[PDB]
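If you want the building blocks of each chain, they are given just below.
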Amino acid sequence: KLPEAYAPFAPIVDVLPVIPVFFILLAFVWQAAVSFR
Amino acid sequence: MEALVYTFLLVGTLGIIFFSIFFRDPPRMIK
Amino acid sequence: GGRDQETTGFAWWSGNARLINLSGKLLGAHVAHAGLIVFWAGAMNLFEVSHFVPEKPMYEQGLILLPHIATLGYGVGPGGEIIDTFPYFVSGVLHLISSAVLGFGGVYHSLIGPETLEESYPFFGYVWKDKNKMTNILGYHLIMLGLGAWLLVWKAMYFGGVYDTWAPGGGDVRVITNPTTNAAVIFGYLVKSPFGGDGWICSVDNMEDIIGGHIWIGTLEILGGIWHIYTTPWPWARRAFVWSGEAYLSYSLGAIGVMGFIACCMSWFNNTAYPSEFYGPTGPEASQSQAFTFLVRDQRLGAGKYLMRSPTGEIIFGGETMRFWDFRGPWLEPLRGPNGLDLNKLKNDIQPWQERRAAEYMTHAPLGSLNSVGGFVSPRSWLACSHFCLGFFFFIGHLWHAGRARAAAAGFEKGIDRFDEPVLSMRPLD
Amino acid sequence: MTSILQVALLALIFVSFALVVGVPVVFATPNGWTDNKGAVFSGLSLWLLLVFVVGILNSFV
Amino acid sequence: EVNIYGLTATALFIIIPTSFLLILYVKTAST
Amino acid sequence: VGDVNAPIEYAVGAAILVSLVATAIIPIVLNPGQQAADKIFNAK
Amino acid sequence: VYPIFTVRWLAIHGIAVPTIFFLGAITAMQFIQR
Amino acid sequence: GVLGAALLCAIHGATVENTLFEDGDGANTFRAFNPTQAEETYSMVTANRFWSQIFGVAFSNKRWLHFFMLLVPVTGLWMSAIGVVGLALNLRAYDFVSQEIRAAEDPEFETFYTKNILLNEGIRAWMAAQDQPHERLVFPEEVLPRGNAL
Amino acid sequence: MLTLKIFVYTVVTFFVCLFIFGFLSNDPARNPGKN
Amino acid sequence: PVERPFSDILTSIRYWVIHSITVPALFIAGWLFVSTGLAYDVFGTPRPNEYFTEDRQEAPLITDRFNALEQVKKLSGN
Amino acid sequence: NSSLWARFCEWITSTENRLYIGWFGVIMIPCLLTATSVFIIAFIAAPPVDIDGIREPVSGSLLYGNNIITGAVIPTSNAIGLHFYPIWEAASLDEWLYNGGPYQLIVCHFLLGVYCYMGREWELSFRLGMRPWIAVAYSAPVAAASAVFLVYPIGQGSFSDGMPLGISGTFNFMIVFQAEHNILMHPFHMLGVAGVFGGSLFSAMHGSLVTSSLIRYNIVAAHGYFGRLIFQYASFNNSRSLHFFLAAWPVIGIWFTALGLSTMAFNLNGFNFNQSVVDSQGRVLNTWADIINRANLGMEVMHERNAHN
Amino acid sequence: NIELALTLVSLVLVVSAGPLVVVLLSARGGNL
Ligand code: CLA
Ligand code: CLA
Ligand code: CLA
Ligand code: CLA
Ligand SMILES: CC(C)=CCC/C(C)=C/CC/C(C)=C/CC/C(C)=C/CC/C(C)=C/CC/C(C)=C/CC/C(C)=C/CC/C(C)=C/CC/C(C)=C/CC1=CC(=O)C(C)=C(C)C1=O
Ligand SMILES: CCCCCCCCCCCCCCCC(=O)OC[C@H](COP(=O)(O)OC[C@@H](O)CO)OC(=O)CCCCCCCCCCCCCCC
Ligand SMILES: CC1=C(/C=C/C(C)=C/C=C/C(C)=C/C=C/C=C(C)/C=C/C=C(C)/C=C/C2=C(C)CCCC2(C)C)C(C)(C)CCC1
Ligand SMILES: CC1=C(/C=C/C(C)=C/C=C/C(C)=C/C=C/C=C(C)/C=C/C=C(C)/C=C/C2=C(C)CCCC2(C)C)C(C)(C)CCC1
Ligand SMILES: CC1=C(/C=C/C(C)=C/C=C/C(C)=C/C=C/C=C(C)/C=C/C=C(C)/C=C/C2=C(C)CCCC2(C)C)C(C)(C)CCC1
Ligand SMILES: CC1=C(/C=C/C(C)=C/C=C/C(C)=C/C=C/C=C(C)/C=C/C=C(C)/C=C/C2=C(C)CCCC2(C)C)C(C)(C)CCC1
Ligand SMILES: CC1=C(C)C(=O)C(CC[C@](C)(O)CCC[C@H](C)CCC[C@H](C)CCCC(C)C)=C(C)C1=O
Ligand SMILES: [Fe+2]
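Deposited coordinates in this entry are attributed by the record to cryo-EM, at a stated resolution of 2.9 Å.

Listed under Subcellular location in UniProt, the entry text for chain E is "Plastid, Chloroplast thylakoid membrane".

In its Subcellular location section, UniProt records this for chain A: "Plastid, Chloroplast thylakoid membrane". What UniProt states about chain A under its Sequence similarities heading is, verbatim, "Belongs to the PsbK family."

Written out as structure tokens, the structure reads:
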């Protein structure tokens with residue numbers, strides 16, 4: 001359950017795995033910023 | 001007797017299929 | 001910034017295709033993708049380490065990356081018991097930092113770096129139609145793959161060894177000293193049948209053969225890289241293939257699809273590179289353990305039980321499990337004689353740890369559900385399903401990309417001419 | 001000395017967040033890369049040094 | 001000879017439409 | 001028994017988020033249709 | 001362009017109002033201890 | 001009928017989209033068309049020859065092709081409707097009396113039909129308990145059909 | 001039956017060799033297009 | 001007489017002024033409808049603790065057509 | 001040019017034949033011909049086979065009292081499991097028949113034939129100037145057939161779990177899935193059903209509009225009808241996008257359903273909502289899922305023999 | 001329930017960290 005020194009940083013870790021699926025979404029947003037040209 | 005009827009029907013279907021494949025009228029309407 | 005549809009001819013949904021002839025942008029994209037891969041690796045490793053209870057077994061809490069580190073022999077003792085969980089944290093953190101570095105490099109090469117690389121940096125420049133630079137790149141990357149294989153061998157032979165599940169009294173971390181380098185044994189697997197009883201490649205059962213094969217693969221890869229970096233394709237090779245970026249992509253897609261299918265099957269069946277005490281028991285193992293424990297309990301209570309003959313003439317358990325009569329495992333081989341199970345040993349040669357392992361394997365069959373309610377989903381099922389799906393999709397990708405590449409090479413990738421139709425220049429009534 | 005490591009790690013998190021929000025902006029904006037090279041390189045050096053000091057502190061915890 | 005009525009039904013269903021279609025085809029092909 | 005645990009503060013918080021996200025995207029989905037219907041209309 | 005209370009207004013509102021009402025009802029149902 | 005309708009949809013789409021004429025410089029063929037086109041966008045001759053050399057028989061008339069598309073699913077669903085109309089009066093095709101007599105005569109004669117009949121018996125016996133509350137049915141565990149007793 | 005095994009192996013090998021030597025005899029350049 | 005485009009209303013001020021204060025009213029109305037317990041009374045859906053009555057320990061059964069009203073009133077315990 | 005090899009190459013590659021052969025043809029023709037020959041012979045005059053391996057043979061040949069509907073070719077025995085069982089491996093032809101080798105022969109040869117048919121489609125498309133993306137469309141049925149006939153037995157561990165080559169065999173196959181894995185509630189089967197129904201709908205409606213429009217205009221006339229019939233103006237105004245959508249919907253549906261069957265081969269499951277609603281005091285209230293589960297339980301209990309002599 | 005609040009805050013900040021770059025580039029006339 002992580003070394004005790006990093007115990008308080010447990011919640012942020014719970015969000016790291018889901019970051020990649022956002023990147024693809026970002027691309028679409030970027031395209032939406034240029035009217036899908 | 002039933003088996004002969006079934007075999008005859010299947011053979012007839014296959015024969016119609018073959019004749020349609022090989023003896024069709026040419027499709028000159030659009031080609 | 002980005003291009004427009006009119007200039008390139010590719011819509012936004014095909015936008016990446018605009019990078020085919022831009023070397024720097026393609027390099028940046030590949031570097032960024034590698035950074036993303038290592039980001040996922042590190043993040044998932046830390047996430048699994050955070051939700052890890054050492055007392056319970058790994059396969060009881062849906063962990064798929066920690067077993068890969070464990071099988072190399074990090075913080076694990078005999079019987080697959082975890083001693084300390086620091087190395088997993090170190091691995092995850094290092095992967096995450098490498099992710100940061102790779103992501104920075106990729107972004108820089110994508111946004112600021114020169115669009116075309118073959119104008120100011122000739123060494124790194126290339127054109128897909130060339131047949132020398134591509135071979136040089138292939139040789140370089142083959143050398144890297146060989147070095148990685150040799151790194152595995154070095155760890156297995158000089159840095160504490162790996163976790164062998166076939167050692168007496170359960171598995172343990174052991175140092176492979178004499179890998180089997182015999183050509184006959186190594187290349188016998190490649191020609192074995194993929195059907196039951198044979199196990200084309202998934203039948204490897206000892207670490208000696210694995211290490212020897214890795215040695216051979218590393219040596220062959222480095223030698224092939226040296227060969228390629230000093231050679232050009234033969235005329236038959238130049239008349240056999242299509243030389244374009246999309247053709248290379250299709251080749252890679254097909255190869256990777258085959259590799260995905262192989263990984264699926266080997267994960268489902270093999271239990272020496274995937275020790276049971278980390279990934280849990282396979283379905284054949286579950287059924288075999290159920291039969292074994294039922295027989296032992298019936299014998300102990302006093303009220304063989306189910307024991308029949310294999311069609312080839314050996315001795316197996318009866319019932320619905322007679323299909324899984326090719327299974328072998330550390331906890332069952334000592335009870336097996338020259339022709340199947342031995343009645344005397346199966347009667348009075350069972351040690352407590354074997355019985356405990358069978359009892360544990362009874363209730364953890366791969367039965368589960370997508371809703372994950374229970375017969376609980378074993379990691380093997382997840383790996384097998386996911387990689388089977390990915391392999392199938394990548395095979396479809398090979399089909400699509402190879403077809404398009406060949407059509408473009410021929411010169412009719414965008415449609416029939418409408419002025420000289422080949423069909424109209426042929427005899428009628430085909 | 002867990003508190004020092006924790007505060008250094010929080011500082012590293014904030015610095016990494018700022019660097020991530022900044023570097024692509026500097027790259028994309030026209031005539032910005034050559035204008036703000038020093039700032040980006042200084043940020044990268046600070047990030048690496050802070051990673052190393054966090055590592056040493058962990059080694060000492 | 002089992003289910004004589006069934007055999008007669010099958011024979012009629014196979015013959016009458018077939019004969020009708022064949023006579024129609026021969027009649028029209030003369031055009 | 002069968003009462004709602006959450007208070008009305010979250011009720012209003014979610015109302016604001018799910019009421020101003022649906023009253024501004026219902027005209028954006030229909031805009032293509034209304035723009036093309038007039039072109040189809042008054043023509044044939 | 002000026003007049004309102006047209007066919008389109010009625011058609012859209014008829015399906016819009018109950019939708020919001022039911023969305024609120026379901027969101028409230030979510031937070032029940034059973 | 002339904003499966004043939006899906007097959008026709010897929011094959012027609014694939015053939016039309018893979019025989020388009022070259023009337024656009026761009027890599028994408030979607031923007032090389034306007035609704036006011038005069039000629040068709042695909043070559044009927046090439047598709048006809050392709051499907052006459054692969055399968056054996058191919059269409060040579062657009063109207064006939066699209067009418068066949070219309071015809072298949074309608075007939076399929078109409079026949080299904082007639083079947084359910086028949087079932088409404090418990091006029092079901094269930095017996096194959098000869099097979100039932102032969103199976104009952106000697107236990108050692110099994111076809112997939114007999115297994116299907118047994119599965120239907122199991123479904124009925126095990127589901128009628130709660131599917132029809134108004135019948136007030138309580139089957140003791142002794143009588144419930146099970147494969148162990150065959 | 002060893003003879004049947006031999007016959008099947010021979011036939012399969014013949015056909016596979018024919019296929020392989022087929023696709024290797026300059027397949028890409030036999031197309032109706034000109035490029 | 002031309003069915004003003006949706007873009008015109010999207011940029012209007014009165015439209016937003018009306019809707020931003022009206023829609024939340026509907027959402028809160030629904031929340032209070034299902035929170036105050038009015039839904040159970042209106043639609044007859046029993047509460048979690050009212051499924052099994054003191055004298056009944058099984059699913060109800062109507063078993064009557066022309067007296068279904070009294071049957072349902074008795075079974076529900078009201 | 002005049003070499004015997006050159007003449008053979010020209011004959012195989014010629015497009016003047018009534019049916020194109022090609023190299024994929026030279027591979028697929030013998031395979032499919034052997035498959036169909038053995039299939040017909042086994043369907044007509046095959047002896048009983050012990051599918052379950054408990055010495056309870058199942059008759060499936062016409063001569064042994066069967067019709068078209070109830071006949072089939074029974075899969076191999078459970079004793080063979082997943083082994084390779086060619087004709088020359090069995091002790092005698094009678095034992096080979098008893099165990100069920102012809103099912104293995106048919107399935108292998110037919111799978112190779114269908115794959116080479118897939119290849120030949122692209123080959124002919126390329127020989128004519130057409131674009132090469134019909135094989136992608138054909139991959140859906142090929143993927144489904146490969147799944148059902150090869151991947152499920154591998155996951156389960158025996159060829160006895162394959163689909164018998166018949167009608168009643170297919171029905172028993174479906175019933176056994178619904179008993180064991182609860183396929184009906186799996187999302188991928190839902191996507192497959194949606195794909196099939198949508199394909200039928202689109203085929204019928206496209207045919208109707210095209211036939212109506214064609215007057216002694218093909219897309220600009222019927223579009224006015226469609227835009228005001230069910231609203232949805234300017235959706236598919238490009239004749240090419242419409243046909244691409246037609247080609248895309250069912251193919252994706254079938255790909256997803258095939259992947260779902262493949263995943264079930266490794267036995268995850270369909271959804272499972274049993275006892276998902278409970279009131280206070282812990283009592284259980286039945287939902288429709290519970291009735292489905294009762295049906296599945298009865299089905300599974302009926303299927304298993306357990307006591308086998 | 002500090003853990004849930006902290007997780008939600010971190011998730012929201014991470015989500016917002018992405019579109020911020022796009023907004024900044026669009027507002028400042030970048031090459032996005
Ligand atoms: C696929 C990966 C990849 C590739 C092909 C390149 C290629 C290139 N980069 Mg990029 N870069 C990458 C990743 C990559 N980079 C990453 C991950 C980062 C982030 C750290 C950067 C950051 C970066 C910057 C900041 C700059 C470049 C530049 C360049 C160009 C000049 C390189 C140079 O000066 O030679 C250096 C040659 C060396 C040999 C030194 C490399 C040192 C390594 C660590 C030693 C190992 C290399 C050795 C040959 C391998 C031995 C293998 C052995 C074990 C068998 C060149 C086109 C420069 C340029 O001109 O911009 C376009 C530039 O300014 N790159
Ligand atoms: C991982 C997948 C991936 C990758 C690596 C790329 C990479 C690339 N694409 Mg492709 N693309 C993708 C997916 C991907 N794309 C998808 C899914 C679509 C469809 C939605 C497209 C559609 C598309 C089009 C239409 C075009 C590209 C273009 C480009 C290039 C320019 C980068 C860009 O967006 O313009 C610059 C964009 C910006 C400056 C705005 C984004 C700002 C930053 C980079 C966001 C990320 C910052 C990150 C979080 C910070 C990391 C921290 C680190 C610095 C420490 C680049 C090589 C363009 C090109 O070169 O074509 C010739 C182009 O025209 N892409
Ligand atoms: C990443 C790996 C990789 C890749 C992509 C290539 C790619 C290439 N190599 Mg290189 N090569 C490599 C690794 C690699 N090589 C290594 C490691 C070695 C050292 C052993 C070599 C040694 C080497 C030589 C000596 C030569 C090549 C050649 C070639 C080219 C022709 C393709 C070929 O070999 O025929 C593809 C395969 C065939 C033509 C025949 C295949 C027919 C059989 C029947 C198919 C079945 C395979 C197998 C028997 C089935 C069992 C396995 C199964 C269970 C999976 C091509 C550019 C040739 C070339 O063009 O000159 C440089 C050449 O002369 N390579
Ligand atoms: C590393 C492998 C690789 C690479 C480098 C490429 C690269 C490329 N492909 Mg290829 N492709 C691949 C694999 C690859 N592809 C595979 C495996 C398939 C099979 C599905 C395809 C199928 C394919 C088609 C059919 C087409 C391309 C096209 C393209 C080009 C544009 C990229 C694009 O589609 O826009 C960016 C992509 C998108 C915006 C789509 C993103 C949305 C996807 C579909 C869903 C998101 C994933 C989803 C969550 C997972 C669901 C499955 C799950 C069960 C696992 C580009 C040259 C196009 C082209 O013009 O070729 C020249 C084109 O028409 N590719
Ligand atoms: C011993 C042996 C032999 C064993 C056999 C055992 C056994 C089981 C026998 C089989 C029994 C059997 C026949 C069962 C089926 C019985 C059955 C259920 C019948 C249903 C009959 C019925 C009246 C149903 C009503 C619905 C109905 C009419 C369905 C029609 C189905 C049908 C024919 C679908 C079409 C199929 C098909 C492949 C179409 C492809 C068409 C095609 C080639 C188009 C290509 C094409 C595309 C283009 O885009 C263009 C442009 C051109 C030009 C072009 O060409
Ligand atoms: C290597 C591949 C070998 C494939 C062999 C199999 C090919 C199948 C050939 C089907 C011929 C069907 C008769 C068409 C008769 C015929 O001449 O049709 C001709 C017709 C084309 O007609 P035209 O377009 O010229 O007609 C224009 C009209 O206006 C009338 O003039 O073809 C079609 O419409 C598509 C046919 C698909 C129909 C598929 C039916 C499949 C049925 C399968 C039954 C199997 C039974 C098995 C029993 C055991
Ligand atoms: C171009 C572009 C794109 C993409 C891109 C990409 C994909 C990128 C990537 C990038 C990357 C990939 C980056 C990375 C970075 C990283 C980092 C920056 C890291 C950091 C780390 C840290 C900070 C850590 C921390 C920690 C640890 C170590 C653990 C525990 C504790 C703590 C939490 C403290 C797209 C297509 C979308 C669109 C267009 C634009
Ligand atoms: C690790 C391992 C091992 C070993 C391994 C090895 C030794 C491997 C090898 C491998 C290899 C060594 C592989 C290879 C592969 C190859 C391939 C895969 C090929 C392919 C080819 C092709 C596909 C071709 C084609 C073609 C065509 C058809 C067209 C025309 C021409 C040509 C011919 C080109 C051992 C057992 C010890 C241990 C465990 C596992
Ligand atoms: C926290 C931790 C620690 C420490 C840590 C550290 C200290 C880290 C570092 C990290 C780092 C420090 C990282 C780095 C990375 C880097 C990279 C990842 C790079 C890459 C590169 C590349 C990839 C390149 C390439 C190239 C060139 C440049 C040229 C030639 C060509 C080529 C492409 C080869 C301790 C033990 C206390 C505890 C546990 C965990
Ligand atoms: C972990 C962390 C970090 C980093 C991070 C990052 C870098 C992140 C990123 C993130 C991102 C980068 C995100 C993104 C996101 C995005 C999104 C979330 C989107 C969404 C979208 C949407 C939702 C859309 C929708 C739509 C469209 C498409 C348009 C039209 C309409 C519709 C509705 C359809 C560091 C290490 C530094 C520090 C610590 C923390
Ligand atoms: C020019 C002009 C237009 C275009 C217009 O729409 C109106 C409004 C009439 C009405 C209120 O829609 C009347 C609707 C009542 C309707 C007759 C009731 C029966 C038919 C349907 C139930 C109406 C709703 C259809 C909707 C759901 C598509 C007026 C007053 C105008 O001056
Ligand atoms: Fe059409």
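So, the overall build of chain A
From N to C terminus, chain A includes two helices and zero strands. Principal-axis analysis of the C-alpha atoms places the extent of chain A at approximately 50 × 10 × 10 Å. Counting every position in chain A, which comprises 37 residues, the buried fraction comes to 35%. Accessible surface, chain A as shown: approximately 2,200 Å² in total, 78% of it carbon and sulfur.

Focus: the interface of chain H and chain K
Between chain H and chain K, the contact holds 60 residues from the first and 76 residues from the second. A buried area of about 6,400 Å², summed over both sides, lies between chain H and chain K, and 63% of it is on carbon and sulfur atoms. Among the salt bridges present, the one from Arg305 of chain K reaches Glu110 of chain H, with a minimum N-O distance of 3.4 Å. The interface formed by chain H and chain K includes 21 residue pairs in polar contact. Elements represented by at least two residues in the side of chain H that touches chain K include exactly α1 (2-17), α2 (44-54), α3 (62-88) and α5 (112-131) of chain H. In terms of residue class, the side of chain H that touches chain K is made up of 33 nonpolar, 18 polar and nine charged.

Some thoughts on the coordination of the magnesium atom of ligand 3
Ideal donor angles around a metal are set by the shape: a four-donor tetrahedron calls for 109.5 degrees, a six-donor octahedron for 90 or 180 degrees. Coordination of the magnesium atom of ligand 3 by the protein comes from a single atom, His228 of chain C (NE2), at 2.2 Å. One can find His228 of chain C in helix α7 (residues 207-229).

Brief notes about the interface of chain A and chain D
The interface of chain A with chain D comprises five residues on the first partner and eight residues on the second. Across the chain A/chain D interface, buried area totals approximately 550 Å², and carbon plus sulfur atoms make up 75% of it. In terms of surface lost to chain D, no three residues of chain A exceed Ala5, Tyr6 and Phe9 of chain A, which account for 85% of the buried area on that side. Applying the counting criterion to the chain A and chain D interface returns zero salt bridges.

Describing the site of ligand 10
Ligand 10 sits among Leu16, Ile19, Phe22, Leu25, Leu26 and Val29 of chain A, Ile13, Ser16, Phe17 and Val20 of chain D together with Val14 and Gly18 of chain L. Each of chains A, D and L places residues near ligand 10. Burial of ligand 10 by the surrounding chains reaches 61%, relative to a free accessible area of 970 Å². Listing elements by their share of the shell around ligand 10, those giving two or more residues are α2 (19-32) of chain A together with α1 (2-28) of chain D. At five residues, α2 of chain A tops the list of elements feeding residues into the shell around ligand 10. For the shell around ligand 10, the per-class residue count stands at 10 nonpolar, two polar and no charged.

What to know about the UniProt feature "transmembrane region" in chain A
The positions that UniProt labels "transmembrane region" are, in the present scheme, residues 9-29 of chain A. Taken as a whole, residues 9-29 of chain A contains 71% helix and 0% strand, while its terminal C-alpha atoms sit 30 Å from one another.

Digging into the site of ligand 6
In the neighbourhood of ligand 6, 14 residues make up the surrounding shell, with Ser20 of chain B together with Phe59, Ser60, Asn61 and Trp64 of chain H lying closest. Each of chains B and H places residues near ligand 6. Within the contact set of ligand 6, an oxygen atom lies 3.2 Å away from a side-chain nitrogen or oxygen of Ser20 of chain B. In this structure, an oxygen atom belonging to ligand 6 sits 3.4 Å away from a side-chain N or O atom of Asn61 of chain H. Contact with the protein chains removes 52% of the 1,200 Å² of surface that ligand 6 exposes when unbound. At six residues, helix α1 (residues 2-22) of chain B tops the list of elements feeding residues into the shell around ligand 6. The class makeup of the residues in the shell around ligand 6 is 10 nonpolar, four polar and no charged.

Notes on the packing of aromatic side chains
Taken as a whole and assessed by the stated rule, the structure comprises 67 aromatic pairs over all chains. With 6.5 Å between their ring centres and 35° between their planes, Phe86 of chain C and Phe89 of chain C make a pair best called tilted. Of this pair, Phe86 of chain C and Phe89 of chain C both sit in helix α4 (residues 86-111), three residues apart, roughly one helical turn. The exposure class assigned to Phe89 of chain C is buried, which follows from its relative accessible area of 8%. For the pair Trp128 of chain C and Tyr248 of chain C, a centre-to-centre distance of 6.2 Å together with 50° between the ring planes defines the contact as tilted. Here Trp128 of chain C is found in the loop between α4 and α5 (133-158), whereas its partner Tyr248 of chain C is found in helix α9 (residues 245-269), with 120 residues between them in sequence. Through a chain of ring-to-ring contacts, the aromatic side chains of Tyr126, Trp128, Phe241, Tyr248 and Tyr251 of chain C assemble into a single cluster. When the ring centre of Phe109 of chain H is taken as reference, the NZ or CZ atom of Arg102 of chain H above it lies at 4.6 Å. Sitting over the face of the ring of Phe52 of chain J, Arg283 of chain K holds its NZ or CZ atom 4.0 Å from the ring centroid.

Considering empty space enclosed by the protein
Size it by volume and the largest cavity reaches roughly 70 Å³. As for the largest cavity, its lining consists of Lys115, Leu118 and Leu119 of chain H together with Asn172, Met302, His303 and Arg305 of chain K. Breaking the lining of the largest cavity down by element, the ones donating at least two residues are α5 of chain H together with α10 (288-303) of chain K. By residue number, the principal contributor to the lining of the largest cavity is α5 of chain H, which donates three residues.

Concerning the nonpolar core
In this structure, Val148, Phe149, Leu165, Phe177 and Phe266 of chain K are the most contacted members of the largest nonpolar core, which totals 28 residues. Mapped by element, the contributors of at least two residues to this core are α9 and α14 (379-410) of chain C together with α4 (101-128), α5 (135-156), α6 (168-180) and α9 (239-265) of chain K. Ranked by the residues each element gives to this core, the list is headed by α5 of chain K, at five residues. Aside from chain neighbours lying at most four places away, what touches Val148 of chain K is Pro153, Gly162, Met163, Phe173 and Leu261 of chain K. In this structure, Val45 of chain H together with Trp23, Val26 and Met130 of chain K belong to the second largest nonpolar core, which totals 20 residues.

Some thoughts on unusual backbone geometry
Residue and element names in this part refer to chain K. Positive phi values are uncommon outside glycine, yet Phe231 reaches one of about 70°. Position of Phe231 among the secondary structure elements: in the loop between α8 (222-229) and α9. If you check the backbone angles, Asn267 has positive phi at about 65° while not being a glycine. With respect to the element layout, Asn267 can be found in the loop between α9 and α10.

Here is what the cut-offs are and how they apply
- Residues numbered from 1 in each chain as written, not as in the entry; some residues may be left out.
- Chains lettered and ligands numbered in written order.
- Part of a larger assembly, values for the part shown.
- Heavy atoms only, no water.
- UniProt positions renumbered as here; feature names shortened; annotations may be inferred.
- Helix = DSSP H or I, 4+ residues; strand = E, 2+ residues; numbered from the N terminus.
- Buried < 20%, exposed > 50% of the residue type's maximum accessible area, 1.4 Å probe, protein only.
- Areas by Shrake-Rupley, 256 points an atom, 1.4 Å probe, with all protein chains shown as cover.
- Contact = heavy atoms within 4.5 Å.
- Buried area = accessible area lost by both parts, 1.4 Å probe.
- Salt bridge = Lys/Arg side-chain N within 4 Å of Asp/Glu carboxyl O.
- Polar contact = N/O pair within 3.5 Å; in protein donor to acceptor, adjacent residues only side chain to side chain.
- Nonpolar A, V, L, I, M, F, W, Y, C, P; charged D, E, K, R; others polar.
- Donors = N, O, S within 2.8 Å, 3.2 Å for Na, K, Ca; no water.
- Near = heavy atom within 4 Å.
- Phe/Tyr/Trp six-rings, centres within 6.5 Å; stacked < 30°, edge-to-face > 60°.
- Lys NZ or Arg CZ within 6 Å of the ring centre and 35° of its normal.
- 1 Å grid on protein atoms, 1.4 Å probe; cavity = no way out; pocket = protein on both sides within 12 Å on 5 of 7 lines; lining within 4 Å.
- Points joined across faces, edges and corners; volume = space filled by probe spheres on them.
- Core = buried A, V, L, I, M, F, W, Y, C linked by side-chain atoms within 4.5 Å.

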